[PDB]
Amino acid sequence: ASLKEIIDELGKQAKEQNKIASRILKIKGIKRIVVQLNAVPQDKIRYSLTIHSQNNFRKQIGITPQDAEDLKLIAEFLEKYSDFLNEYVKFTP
């Protein structure tokens, strides 16, 4: 599944259910942080990326120094898809 494909599936699902539709993005090279894409309905669908631990998935992530490389890789993912994303979808304000 390409990013676009996941976007499209999560938008569809969120629209049909009128609730948050989420999916883990399998970004290469990330060791510990789990990245999840969410489609959030309002009126309208808005997207966000949330980060998560493995150990306490539903809780808020507690970052440690060992997450530095993961964080850079998330940053790089965002830049690589930035132009596409900003044309293709709208994010939570």
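Position 1 is the first residue in the sequence shown; the rest follow in order.
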* Asked: Comparing 67 to 75 with 5 to 13, where is the mean C-alpha B-factor higher?
  -> 5 to 13
* To do: Could you look up the Cα B-factor of residue 54 in the entry and say which third of the chain it sits in: lowest, middle or highest?
  => middle
* Ranked by Cα temperature factor within the chain, is residue 39 in the lowest third, the middle third or the highest third? -> middle
* Structure fact -> Chain thirds by Cα B factor, record data; residue 18 belongs to the highest
